[PDB]
$ cat coords_9.pdb   # PDB, C-alpha atoms (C1' of nucleotides) and all ligand atoms
ATOM      1  CA  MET A   1       0.000   0.000   0.000  1.00  0.00           C
ATOM      2  CA  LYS A   2       1.224   3.528  -0.608  1.00  0.00           C
ATOM      3  CA  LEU A   3       2.803   5.257   2.366  1.00  0.00           C
ATOM      4  CA  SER A   4       0.332   8.126   2.129  1.00  0.00           C
ATOM      5  CA  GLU A   5      -2.578   5.670   2.129  1.00  0.00           C
ATOM      6  CA  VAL A   6      -1.125   4.092   5.258  1.00  0.00           C
ATOM      7  CA  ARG A   7      -1.089   7.414   7.100  1.00  0.00           C
ATOM      8  CA  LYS A   8      -4.556   7.901   5.835  1.00  0.00           C
ATOM      9  CA  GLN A   9      -5.592   4.514   7.135  1.00  0.00           C
ATOM     10  CA  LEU A  10      -4.170   5.226  10.574  1.00  0.00           C
ATOM     11  CA  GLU A  11      -5.859   8.666  10.849  1.00  0.00           C
ATOM     12  CA  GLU A  12      -9.229   7.275   9.722  1.00  0.00           C
ATOM     13  CA  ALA A  13      -8.813   4.269  11.981  1.00  0.00           C
ATOM     14  CA  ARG A  14      -7.848   6.323  14.981  1.00  0.00           C
ATOM     15  CA  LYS A  15     -11.079   8.278  14.663  1.00  0.00           C
ATOM     16  CA  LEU A  16     -13.131   5.056  14.827  1.00  0.00           C
ATOM     17  CA  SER A  17     -14.552   3.427  17.951  1.00  0.00           C
ATOM     18  CA  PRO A  18     -13.633  -0.086  19.142  1.00  0.00           C
ATOM     19  CA  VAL A  19     -16.918  -1.409  17.811  1.00  0.00           C
ATOM     20  CA  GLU A  20     -16.405   0.247  14.461  1.00  0.00           C
ATOM     21  CA  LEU A  21     -12.877  -1.168  14.375  1.00  0.00           C
ATOM     22  CA  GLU A  22     -14.214  -4.639  15.036  1.00  0.00           C
ATOM     23  CA  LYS A  23     -16.763  -4.360  12.202  1.00  0.00           C
ATOM     24  CA  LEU A  24     -14.103  -3.088   9.848  1.00  0.00           C
ATOM     25  CA  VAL A  25     -11.539  -5.797  10.700  1.00  0.00           C
ATOM     26  CA  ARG A  26     -14.214  -8.441  10.239  1.00  0.00           C
ATOM     27  CA  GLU A  27     -14.986  -7.086   6.857  1.00  0.00           C
ATOM     28  CA  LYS A  28     -11.299  -7.041   5.895  1.00  0.00           C
ATOM     29  CA  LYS A  29     -10.819 -10.570   7.159  1.00  0.00           C
ATOM     30  CA  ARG A  30     -13.656 -11.489   4.870  1.00  0.00           C
ATOM     31  CA  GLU A  31     -12.108  -9.647   1.988  1.00  0.00           C
ATOM     32  CA  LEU A  32      -8.875 -11.590   2.590  1.00  0.00           C
ATOM     33  CA  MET A  33     -10.658 -14.890   2.410  1.00  0.00           C
ATOM     34  CA  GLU A  34     -12.075 -13.852  -0.999  1.00  0.00           C
ATOM     35  CA  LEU A  35      -8.504 -13.040  -2.028  1.00  0.00           C
ATOM     36  CA  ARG A  36      -7.222 -16.397  -0.766  1.00  0.00           C
ATOM     37  CA  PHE A  37      -9.765 -18.224  -2.789  1.00  0.00           C
ATOM     38  CA  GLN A  38      -8.837 -16.281  -5.846  1.00  0.00           C
ATOM     39  CA  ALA A  39      -5.172 -16.957  -5.374  1.00  0.00           C
ATOM     40  CA  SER A  40      -5.877 -20.692  -5.126  1.00  0.00           C
ATOM     41  CA  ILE A  41      -7.701 -20.968  -8.474  1.00  0.00           C
ATOM     42  CA  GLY A  42      -5.006 -18.871 -10.210  1.00  0.00           C
ATOM     43  CA  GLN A  43      -7.085 -15.769 -10.724  1.00  0.00           C
ATOM     44  CA  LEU A  44      -5.207 -13.201  -8.644  1.00  0.00           C
ATOM     45  CA  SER A  45      -2.464 -11.610 -10.673  1.00  0.00           C
ATOM     46  CA  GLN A  46      -2.439  -8.687  -8.297  1.00  0.00           C
ATOM     47  CA  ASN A  47      -0.968 -10.733  -5.418  1.00  0.00           C
ATOM     48  CA  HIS A  48       0.543  -7.851  -3.572  1.00  0.00           C
ATOM     49  CA  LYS A  49      -3.057  -7.335  -2.421  1.00  0.00           C
ATOM     50  CA  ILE A  50      -2.734 -10.195   0.057  1.00  0.00           C
ATOM     51  CA  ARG A  51       0.283  -8.892   1.875  1.00  0.00           C
ATOM     52  CA  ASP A  52      -1.528  -5.491   2.022  1.00  0.00           C
ATOM     53  CA  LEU A  53      -4.782  -6.558   3.454  1.00  0.00           C
ATOM     54  CA  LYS A  54      -3.053  -8.668   6.078  1.00  0.00           C
ATOM     55  CA  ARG A  55      -1.231  -5.566   7.234  1.00  0.00           C
ATOM     56  CA  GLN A  56      -4.283  -3.403   7.200  1.00  0.00           C
ATOM     57  CA  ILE A  57      -5.862  -5.896   9.488  1.00  0.00           C
ATOM     58  CA  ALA A  58      -2.794  -5.737  11.683  1.00  0.00           C
ATOM     59  CA  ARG A  59      -2.796  -1.939  11.710  1.00  0.00           C
ATOM     60  CA  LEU A  60      -6.456  -1.871  12.572  1.00  0.00           C
ATOM     61  CA  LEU A  61      -6.137  -4.472  15.305  1.00  0.00           C
ATOM     62  CA  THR A  62      -3.068  -2.591  16.542  1.00  0.00           C
ATOM     63  CA  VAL A  63      -5.179   0.546  16.831  1.00  0.00           C
ATOM     64  CA  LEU A  64      -8.172  -1.295  18.379  1.00  0.00           C
ATOM     65  CA  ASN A  65      -5.732  -2.361  20.997  1.00  0.00           C
ATOM     66  CA  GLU A  66      -4.506   1.218  21.443  1.00  0.00           C
ATOM     67  CA  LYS A  67      -8.080   2.228  22.049  1.00  0.00           C
ATOM     68  CA  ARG A  68      -8.842  -0.483  24.611  1.00  0.00           C
ATOM     69  CA  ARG A  69      -5.423  -0.156  26.306  1.00  0.00           C
ATOM     70  CA  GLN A  70      -6.368   2.559  28.727  1.00  0.00           C
TER      71      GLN A  70
ATOM     72  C1'   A B   1      80.365 -78.702 -42.330  1.00  0.00           C
ATOM     73  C1'   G B   2      80.292 -74.118 -39.801  1.00  0.00           C
ATOM     74  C1'   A B   3      78.697 -69.958 -38.199  1.00  0.00           C
ATOM     75  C1'   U B   4      75.729 -65.233 -37.519  1.00  0.00           C
ATOM     76  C1'   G B   5      70.855 -62.232 -37.759  1.00  0.00           C
ATOM     77  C1'   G B   6      65.014 -60.397 -38.484  1.00  0.00           C
ATOM     78  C1'   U B   7      60.322 -63.316 -34.146  1.00  0.00           C
ATOM     79  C1'   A B   8      57.659 -60.389 -29.003  1.00  0.00           C
ATOM     80  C1'   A B   9      52.251 -63.666 -26.855  1.00  0.00           C
ATOM     81  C1'   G B  10      53.883 -60.816 -23.314  1.00  0.00           C
ATOM     82  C1'   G B  11      57.459 -58.378 -20.006  1.00  0.00           C
ATOM     83  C1'   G B  12      61.403 -54.739 -18.331  1.00  0.00           C
ATOM     84  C1'   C B  13      64.010 -49.614 -18.298  1.00  0.00           C
ATOM     85  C1'   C B  14      63.685 -44.700 -20.325  1.00  0.00           C
ATOM     86  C1'   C B  15      60.977 -40.467 -22.715  1.00  0.00           C
ATOM     87  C1'   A B  16      56.278 -37.737 -24.108  1.00  0.00           C
ATOM     88  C1'   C B  17      51.203 -36.962 -23.266  1.00  0.00           C
ATOM     89  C1'   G B  18      47.108 -37.983 -20.500  1.00  0.00           C
ATOM     90  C1'   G B  19      43.646 -40.172 -16.658  1.00  0.00           C
ATOM     91  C1'   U B  20      42.977 -40.948 -11.465  1.00  0.00           C
ATOM     92  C1'   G B  21      44.038 -38.581  -6.938  1.00  0.00           C
ATOM     93  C1'   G B  22      44.204 -34.261  -3.987  1.00  0.00           C
ATOM     94  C1'   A B  23      49.755 -33.113  -1.657  1.00  0.00           C
ATOM     95  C1'   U B  24      51.974 -28.223  -1.958  1.00  0.00           C
ATOM     96  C1'   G B  25      51.812 -22.759  -2.462  1.00  0.00           C
ATOM     97  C1'   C B  26      48.909 -18.795  -2.245  1.00  0.00           C
ATOM     98  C1'   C B  27      44.035 -17.438  -0.074  1.00  0.00           C
ATOM     99  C1'   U B  28      40.252 -16.750   4.314  1.00  0.00           C
ATOM    100  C1'   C B  29      33.826 -16.215   5.533  1.00  0.00           C
ATOM    101  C1'   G B  30      36.464 -19.335  10.784  1.00  0.00           C
ATOM    102  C1'   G B  31      39.238 -20.424  14.887  1.00  0.00           C
ATOM    103  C1'   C B  32      42.850 -19.402  19.245  1.00  0.00           C
ATOM    104  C1'   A B  33      45.130 -16.584  23.082  1.00  0.00           C
ATOM    105  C1'   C B  34      45.597 -12.424  25.985  1.00  0.00           C
ATOM    106  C1'   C B  35      43.795  -7.633  27.478  1.00  0.00           C
ATOM    107  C1'   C B  36      39.807  -4.239  28.049  1.00  0.00           C
ATOM    108  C1'   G B  37      34.763  -3.663  28.338  1.00  0.00           C
ATOM    109  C1'   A B  38      30.481  -5.569  30.325  1.00  0.00           C
ATOM    110  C1'   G B  39      27.548  -9.028  33.412  1.00  0.00           C
ATOM    111  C1'   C B  40      22.027 -11.760  35.373  1.00  0.00           C
ATOM    112  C1'   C B  41      17.077 -13.677  33.039  1.00  0.00           C
ATOM    113  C1'   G B  42      12.119 -15.767  35.051  1.00  0.00           C
ATOM    114  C1'   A B  43       4.706 -16.358  37.169  1.00  0.00           C
ATOM    115  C1'   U B  44       4.200  -9.093  33.364  1.00  0.00           C
ATOM    116  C1'   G B  45       5.590 -17.169  32.209  1.00  0.00           C
ATOM    117  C1'   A B  46      12.445 -17.437  31.469  1.00  0.00           C
ATOM    118  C1'   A B  47      16.279 -20.568  29.280  1.00  0.00           C
ATOM    119  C1'   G B  48      15.083 -23.759  25.556  1.00  0.00           C
ATOM    120  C1'   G B  49      11.680 -25.771  22.259  1.00  0.00           C
ATOM    121  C1'   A B  50       7.014 -27.645  19.183  1.00  0.00           C
ATOM    122  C1'   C B  51       3.850 -26.251  15.327  1.00  0.00           C
ATOM    123  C1'   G B  52       2.962 -22.567  12.263  1.00  0.00           C
ATOM    124  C1'   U B  53       3.983 -18.099   9.201  1.00  0.00           C
ATOM    125  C1'   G B  54       5.643 -16.097   1.991  1.00  0.00           C
ATOM    126  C1'   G B  55       0.903 -15.087  -4.131  1.00  0.00           C
ATOM    127  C1'   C B  56       4.433 -19.609  -5.800  1.00  0.00           C
ATOM    128  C1'   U B  57       8.633 -21.743  -0.315  1.00  0.00           C
ATOM    129  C1'   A B  58      12.487 -27.801   0.738  1.00  0.00           C
ATOM    130  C1'   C B  59      15.735 -25.543   4.220  1.00  0.00           C
ATOM    131  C1'   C B  60      18.007 -21.456   7.065  1.00  0.00           C
ATOM    132  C1'   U B  61      16.935 -16.651   9.020  1.00  0.00           C
ATOM    133  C1'   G B  62      12.925 -13.466  10.847  1.00  0.00           C
ATOM    134  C1'   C B  63       8.348 -13.492  13.087  1.00  0.00           C
ATOM    135  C1'   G B  64       3.605 -15.478  16.017  1.00  0.00           C
ATOM    136  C1'   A B  65      -3.275 -16.406  13.752  1.00  0.00           C
ATOM    137  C1'   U B  66      -1.741  -8.624  13.932  1.00  0.00           C
ATOM    138  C1'   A B  67       2.948 -14.331  12.057  1.00  0.00           C
ATOM    139  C1'   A B  68      10.092 -12.166   6.636  1.00  0.00           C
ATOM    140  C1'   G B  69       5.919  -8.668  10.385  1.00  0.00           C
ATOM    141  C1'   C B  70       1.865  -3.906  13.595  1.00  0.00           C
ATOM    142  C1'   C B  71       2.465   1.429  16.220  1.00  0.00           C
ATOM    143  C1'   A B  72       5.632   5.478  17.909  1.00  0.00           C
ATOM    144  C1'   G B  73      10.405   8.141  18.765  1.00  0.00           C
ATOM    145  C1'   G B  74      15.470   8.576  17.067  1.00  0.00           C
ATOM    146  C1'   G B  75      19.112   7.695  13.094  1.00  0.00           C
ATOM    147  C1'   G B  76      20.024   7.663   7.802  1.00  0.00           C
ATOM    148  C1'   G B  77      19.306   9.379   2.483  1.00  0.00           C
TER     149        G B  77
HETATM  150 MG    MG C   1      67.166 -65.542 -34.493  1.00  0.00          MG
HETATM  151 MG    MG C   2      58.805 -56.025 -27.337  1.00  0.00          MG
HETATM  152 MG    MG C   3      50.590 -57.090 -28.449  1.00  0.00          MG
HETATM  153 MG    MG C   4      63.898 -57.631 -16.933  1.00  0.00          MG
HETATM  154 MG    MG C   5      48.788 -36.046 -15.239  1.00  0.00          MG
HETATM  155 MG    MG C   6      52.110 -16.555   3.594  1.00  0.00          MG
HETATM  156 MG    MG C   7      25.517 -12.082  30.341  1.00  0.00          MG
HETATM  157 MG    MG C   8      11.701 -18.566  23.873  1.00  0.00          MG
HETATM  158 MG    MG C   9      10.656 -21.182  11.067  1.00  0.00          MG
HETATM  159 MG    MG C  10       4.143  -0.229   7.891  1.00  0.00          MG
HETATM  160 MG    MG C  11      10.785   4.398  12.481  1.00  0.00          MG
HETATM  161 MG    MG C  12      11.512   7.752  10.797  1.00  0.00          MG
END
$ encode --input "coords_9.pdb" --output "structure tokens" --more "lines below"
Ligand SMILES: [Mg+2]
Ligand SMILES: [Mg+2]
Ligand SMILES: [Mg+2]
Ligand SMILES: [Mg+2]
Ligand SMILES: [Mg+2]
Ligand SMILES: [Mg+2]
Ligand SMILES: [Mg+2]
Ligand SMILES: [Mg+2]
Ligand SMILES: [Mg+2]
Ligand SMILES: [Mg+2]
Ligand SMILES: [Mg+2]
Ligand SMILES: [Mg+2]
Amino acid sequence: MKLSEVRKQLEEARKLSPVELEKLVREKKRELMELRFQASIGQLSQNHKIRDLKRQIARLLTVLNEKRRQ
RNA sequence: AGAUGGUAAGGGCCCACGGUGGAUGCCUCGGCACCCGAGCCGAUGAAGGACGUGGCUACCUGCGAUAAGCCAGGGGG
């Protein structure tokens, strides 16, 4: 993902609530499964997408944790 | 009558060139010694592991379902 889009993800994420973070992670985890399936039948040429999503989910969960941590 | 040479199945010595083999010289990612520095970790679960972890991944390294990585500060260019 582009560095600027990462900052953007963090700012937008940091504005969210725990619950909104949970919904969004769950959606991204879903979107990853779709990607996995496509990789397995050979229809995902754009395979950088998998590394990306996995890190968005990390970043989000990382932030969720920030939120709950205090 | 007499007498003396060309035989090489193969062998031997020498010479040339090779094959095998990995000495020797040079080399060094490594080791060794001394000196200096520095010296605890663990229930906030250690040391050390198992199994995982990559779009394609046998192994090693890294990492832990947030899985060759997540956030922030500093450095660097
Ligand atoms: Mg004769
Ligand atoms: Mg002969
Ligand atoms: Mg002969
Ligand atoms: Mg002889
Ligand atoms: Mg020879
Ligand atoms: Mg020498
Ligand atoms: Mg020590
Ligand atoms: Mg350990
Ligand atoms: Mg491993
Ligand atoms: Mg990042
Ligand atoms: Mg940094
Ligand atoms: Mg920086």
$ interface_residues --input "coords_9.pdb" --of "chain A" --to "chain B" --cutoff "9 Å" --atoms "only C-alpha atoms (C1' of nucleotides)" --output "number ranges by chain"
A: 36, 39-40, 44-51, 54-63, 66
$ residues_near_ligand --input "coords_9.pdb" --ligand "ligand MG 4 (chain C)" --cutoff "9 Å" --atoms "all atoms listed in the file" --output "PyMOL selection string"
chain B and resi 11-13
$ resolve_selection --input "coords_9.pdb" --expression "the PyMOL selection byres (((not hetatm)) within 10 of (chain C and resi 7))" --output "PyMOL selection string"
chain B and resi 38-41
$ residues_near_ligand --input "coords_9.pdb" --ligand "ligand MG 8 (chain C)" --cutoff "10 Å" --atoms "all atoms listed in the file" --output "PDB file with C-alpha atoms (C1' of nucleotides), in the frame of the given file"
ATOM      1  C1'   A B  46      12.445 -17.437  31.469  1.00  0.00           C
ATOM      2  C1'   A B  47      16.279 -20.568  29.280  1.00  0.00           C
ATOM      3  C1'   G B  48      15.083 -23.759  25.556  1.00  0.00           C
ATOM      4  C1'   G B  49      11.680 -25.771  22.259  1.00  0.00           C
TER       5        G B  49
END
$ atom_distance --input "coords_9.pdb" --atom1 "atom CA of residue A:8" --atom2 "atom CA of residue A:68"
21.0 Å
$ axis_aligned_box --input "coords_9.pdb" --around "stretch 54-70 of chain A" --padding-each-side "5 Å" --output "AutoDock Vina command-line options"
--center_x -5.0 --center_y -3.1 --center_z 17.4 --size_x 17.6 --size_y 21.2 --size_z 32.6
$ residues_near_ligand --input "coords_9.pdb" --ligand "ligand MG 5 (chain C)" --cutoff "12 Å" --atoms "only C-alpha atoms (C1' of nucleotides) and all ligand atoms" --output "ChimeraX atom specification"
/B:16-21
$ residues_near_point --input "coords_9.pdb" --point "(2.8, -0.8, 3.1)" --cutoff "8 Å" --atoms "only C-alpha atoms (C1' of nucleotides)" --output "JSON, numbers by chain"
{"A": [1, 2, 3, 6, 52, 55]}
$ atom_distance --input "coords_9.pdb" --atom1 "atom CA of residue A:32" --atom2 "atom CA of residue A:53"
6.5 Å
$ residues_near_ligand --input "coords_9.pdb" --ligand "ligand MG 11 (chain C)" --cutoff "10 Å" --atoms "all atoms listed in the file" --output "MDAnalysis selection string"
chainID B and resid 71:75
$ resolve_selection --input "coords_9.pdb" --expression "the PyMOL selection byres (((not hetatm)) within 10 of (chain C and resi 3))" --output "list in words"
residues 8, 9 and 10 of chain B
$ residues_near_ligand --input "coords_9.pdb" --ligand "ligand MG 6 (chain C)" --cutoff "12 Å" --atoms "all atoms listed in the file" --output "PyMOL selection string"
chain B and resi 25-28
$ residues_around --input "coords_9.pdb" --residues "stretch 18-22 of chain A" --least-positions-apart "4" --cutoff "7 Å" --atoms "all atoms listed in the file" --output "compact mmCIF listing (two decimals) with C-alpha atoms, in the frame of the given file"
# COMPACT_ATOMS: atom_id res chain seq x y z
CA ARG A 26 -14.21 -8.44 10.24
CA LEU A 60 -6.46 -1.87 12.57
CA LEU A 64 -8.17 -1.30 18.38
CA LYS A 67 -8.08 2.23 22.05
$ resolve_selection --input "coords_9.pdb" --expression "the PyMOL selection byres (((not hetatm)) within 12 of (chain C and resi 9))" --output "PyMOL selection string"
chain B and resi 50-54+57+59-64+67-68
$ atom_distance --input "coords_9.pdb" --atom1 "atom CA of residue A:14" --atom2 "atom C1' of residue B:76"
28.8 Å
$ residues_near_ligand --input "coords_9.pdb" --ligand "ligand MG 1 (chain C)" --cutoff "10 Å" --atoms "all atoms listed in the file" --output "list in words"
residues 4, 5, 6 and 7 of chain B
